[PDB]
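Just one chain is shown here, as structure tokens, and it is the form deposited in one PDB entry.
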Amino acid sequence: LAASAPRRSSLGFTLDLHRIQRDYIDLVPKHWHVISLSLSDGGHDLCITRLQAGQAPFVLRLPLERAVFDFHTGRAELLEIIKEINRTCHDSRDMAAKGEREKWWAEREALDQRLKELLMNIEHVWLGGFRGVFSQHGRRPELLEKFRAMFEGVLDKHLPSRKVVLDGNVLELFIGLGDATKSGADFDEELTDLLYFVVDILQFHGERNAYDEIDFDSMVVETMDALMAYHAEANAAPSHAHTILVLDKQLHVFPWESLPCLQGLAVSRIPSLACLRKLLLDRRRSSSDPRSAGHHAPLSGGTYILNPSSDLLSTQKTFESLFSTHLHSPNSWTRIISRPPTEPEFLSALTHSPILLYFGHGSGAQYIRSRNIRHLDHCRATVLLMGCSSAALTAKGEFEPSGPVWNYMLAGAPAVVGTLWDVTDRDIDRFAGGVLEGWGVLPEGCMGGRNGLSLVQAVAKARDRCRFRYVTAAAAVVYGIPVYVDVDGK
């Protein structure tokens, strides 16, 4: 029976995992996968669990220091960067008054590069050759069985062996490294990382092999050629994949979606499997197909709240006419502009509108008490909180059960888009316009026919529109499940 880890498989744990698979994961659309990230009690290991309907669960425990840049150090650098980013947002008006807009811009460019580098280093050091656990590639058993035969050959040739069989999930890590036939592709370090893993799994399960007696570099070359064979065949004969992250309390502050290996891919977060299951069982079908897996929100009857505190003039200017022309006039949207929404107005929008667009400061919590979002029979609205730190993490970067996002999720909002830290009006508006175009709320070309990406796909693509991919766009995240706009729906 196939080994997947360098440690004892505990029967109670495996039973629990199989019960979770049966009662939660087997309801999840098969083209979606669920990945949990947490730290070991020690803090030394990143624990990754990958779950998908019709697939065996995969549990990974990655020691961050297996090769200084430990978790404490990475998180500290992230929080310092965020603090400096937030400060550039608050000092915008001030710097402009001092005639120093250029130095201000340069500071933001420098922070953008610093955050990019941190994410590069996380992917390189922490994930290393395991980054493929995040791969959205379609599984192809026939191709995998070929790769298995070639890879088992590599082991026979270079190990002694001169017995333990690997789970397919371990082999999928190799496949998940990416297209090996790409010009300039170099997986040597990654492959080394995974070959150590395989030797360790073997060692633990009774097939011992000394590191110094293995020619890893020869194993790397042959494995890469095997992956080139795999990907050559996969590319020759060519999904709506979505990833859903479940994150431990201290890991929401990390912009996972902006790691090199997740950039541009459709990724959302969910607070718990319980929240996931609730949202799935509440899904609305399209008025009229992998898209049938999502929640379908009618375009008609939304609410927008634009510049509620009146000081976001640039934002009002950017969207007011577009929203009038495309939403309020033909699609029966409720318009609240340059005045605060009342709490009853806000609640009524959550209850009755399929889509709520909030273009104001923060999460809007200044306008609606948390406890009344919990009294709601149902939060019908998919909610876009296009504002500074609208996810409302604590000063220490923690995601709390009392925060707005948890409250919306518990109330049943199909999705909530928000920001992990402070962002400028101009640059988050670029992102927001991108979301609305890609999602199909606005026509293509508005911001410069009609697209129909899921909200999650639209968020991932709209990151491209920001001047700063990291200082701005990486703040943006979506909690919930894929939502599609139903243009003719009611």
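Each residue number is its position in the shown sequence, starting from 1. What we label the rigid core is the largest C-alpha set whose atoms superpose within 1.5 Å from one form to the other. Residues that one form lacks are left out of the comparison.
In the deposited entry, the stretch joining residue 238 to residue 239 is interrupted by 1 to 3 residues of the deposited sequence lacking coordinates.
Unmodelled deposited residues between residue 162 and residue 163: 10 or more, per the record. Between 109 to 117 and 179 to 187, it is 179 to 187 that carries the larger average Cα temperature factor according to the deposited entry.
Relative to one another, 35 to 43 and 419 to 427 have unequal mean CA B-factors, and 35 to 43 is the one with the higher figure. Take 127, 386, 155, 411 and read off each C-alpha B-factor from the entry; 155 has the highest. Among 260, 168, 302, 141, the highest C-alpha B-factor recorded in the PDB entry belongs to 141. In this PDB entry, the Cα temperature factor of residue 62 sits in the middle third of its chain's modelled residues.
In the deposited entry, the Cα temperature factor of residue 347 places it in the lowest third of its chain's modelled residues. In the PDB entry, a CA B factor belonging to the highest third of its chain's modelled residues is recorded for residue 449. Among the modelled residues of its chain, residue 354 has a C-alpha B-factor that falls in the lowest third, as given in the PDB entry. The deposited CA B-factor of residue 68 belongs to the highest third of values across its chain.
Absent from the display: the form solved in complex with a partner chain. The rest refers to it.
From the list 192 to 200, 214 to 222, 354 to 362, 126 to 134, the contact stretch for the partner chain in the deposited bound form under a 4.5 Å heavy atom rule is 354 to 362.
Comment: the partner chain is not present in this chain, but in the deposited bound form one of 234, 95, 293, 261 has a heavy atom within 4.5 Å of it, namely 95.
Among 370, 315, 181, 334, the residue placing a heavy atom within 4.5 Å of the partner chain in the deposited bound form is 315. The candidate site formed by 387, 425 and 467 is fully in contact with the partner chain in the deposited bound form, as each residue has a non-hydrogen atom within 4.5 angstroms of it. The partner chain in the deposited bound form is approached by residue 429, whose closest heavy atom lies within 4.5 angstroms of it. Remark: residue 104 counts among the residues lining the partner chain in the deposited bound form, judged by a heavy atom distance of 4.5 Å or less. Under a 4.5 angstroms non-hydrogen atom cutoff, the partner chain in the deposited bound form lacks residue 343 among its neighbouring residues. For residue 80, no non-hydrogen atom is located within 4.5 Å of the partner chain in the deposited bound form, even though that partner is not displayed. Once you line up the core between the shown form and the other one, the CA of 97 is the only one from 120, 232, 97, 281 that shifts by 2 Å or more. Core-superposed comparison between the shown form and the other one places the runs of three or more consecutive residues whose CA atoms all shift by 2 angstroms or more at 97 to 99, 160 to 162, listed in sequence order.
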